[PDB]
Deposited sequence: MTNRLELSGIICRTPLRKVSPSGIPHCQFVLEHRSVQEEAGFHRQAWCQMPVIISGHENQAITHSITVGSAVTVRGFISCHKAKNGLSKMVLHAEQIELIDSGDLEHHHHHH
């Protein structure tokens, strides 16, 4: 199992990237803030999550999202060592604007 669903505001201008051999991607940073419940207590949760969306099929989304967009993203997480930097690979995104 590997599934993250996270909402937030895009806080960095999205970067469009195209690979010569197909497979283009769009990367951005999603800032999440919420109140969560833990052991009976209500505490603040905050994160700035790198997000990537790949594939020709998804090329449209990039030109419809920008900094300040309210967005909910669902995908898998993957990490690489710097602790290790986390990226959310988005399978789906929903807009709230």
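According to the record, the deposited residues with no C-alpha atom in the structure span 1, 84-86, 102-112.
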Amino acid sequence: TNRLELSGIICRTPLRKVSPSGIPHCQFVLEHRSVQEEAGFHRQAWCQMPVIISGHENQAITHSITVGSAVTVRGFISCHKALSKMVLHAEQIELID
From here on, numbers count along this sequence of modelled residues.
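The PDB entry records a higher mean C-alpha B factor for 56-64 than for its counterpart among 56-64 and 27-35. In this entry, 10-18 has the higher mean Cα B-factor, the comparison being between 85-93 and 10-18.
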